[PDB]
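>>> Sharing an experimental structure here, sequence included.
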Amino acid sequence: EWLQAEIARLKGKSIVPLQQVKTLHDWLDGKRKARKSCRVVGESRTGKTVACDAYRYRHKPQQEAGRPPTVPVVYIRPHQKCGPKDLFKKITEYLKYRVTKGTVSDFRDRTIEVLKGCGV
DNA sequence: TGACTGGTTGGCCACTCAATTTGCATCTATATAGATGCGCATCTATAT
Ligand SMILES: Nc1ncnc2c1ncn2[C@@H]1O[C@H](COP(=O)(O)OP(=O)(O)OP(=O)(O)O)[C@@H](O)[C@H]1O
Ligand SMILES: [Mg+2]
């Protein structure tokens, strides 16, 4: 009946535009055009991760039949005590590059090489 | 006639994690010797 779907809208997650989200998207675009690194800080329930999701979605990948894709924005949440091989594995996986095994020095070189040409 | 011979169905390196030692900084809750102040005795002086 009608009552059963309604848990799902409620339980279901959604994104609501808010002033705080808009503020970040414009600031990040300044940083992205300028190629300036920066940090975002704030308390854990302010919804930082969600604003960053909403930002990622506004810039879809472009894919041709043969050559590899353009992807402007990469988002990763490291695991606790994330080491070098674990960081390179996450950058590599968010792009779905097929190679999965390697020495730390091999993943380092391979990560630099997939950020290049892919146009991040 | 009793001999001879032939017959024949894991290793070499690079990286990571639980641990467990050692050292340092920060309470903390008690233990312990010195000022300070009444509370009365004791002496001295003064007056009728
Ligand atoms: N723009 C938004 N629209 C709708 N809901 C939002 C928005 N921003 C945050 N929320 C709500 O915040 C909750 C999740 O918080 P979120 O994970 O965004 O916080 P956070 O600050 O990124 O957390 P942390 O820093 O601890 O990782 C959800 O209930 C989600 O609906
Ligand atoms: Mg977050």
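Here it is on my side, so go on. Residues are numbered from 1 along each chain as shown, chains lettered A, B, ... in the order given. Ligands and ions are numbered 1, 2, ... in the order given.

>>> Where is the longest helix in chain A?
As assigned by DSSP state H, the longest helix anywhere in chain A is helix A:19-34.

>>> what helices or strands is it leaning on?
If you count contacts as 3 or more C-beta pairs under 8 Å, 6 or more residues apart in numbering; DSSP states H and E, helix A:19-34 packs onto helix A:48-56. Backbone N, C-alpha and C define where each C-beta goes, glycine included.

>>> next one: the helix it packs on to chain centre, how far?
Offset of helix A:48-56 from its chain centre (C-alpha atoms, centre = their mean, to the nearest Å): 8 Å.

>>> now that helix and helix A:19-34, what's the angle there?
60 degrees (axes from the mean of the first three to the mean of the last three C-alpha atoms, to 10 degrees).

>>> count of residues packed around residue A:65?
4 (other C-beta atoms under 10 Å).

>>> Would you mind measuring from it to residue A:35?
Going from residue A:65 to residue A:35 by C-beta to C-beta, to the nearest Å gives 30 Å.

>>> Quick one: neighbours of the residue in chain A that DNA strand B sits nearest to, just the number.
Here the residue of chain A nearest DNA strand B is residue A:83; by C-beta to the nearest atom of the strand that distance is 3.5 Å. Residues near residue A:83, counting by other C-beta under 10 Å, number 11.
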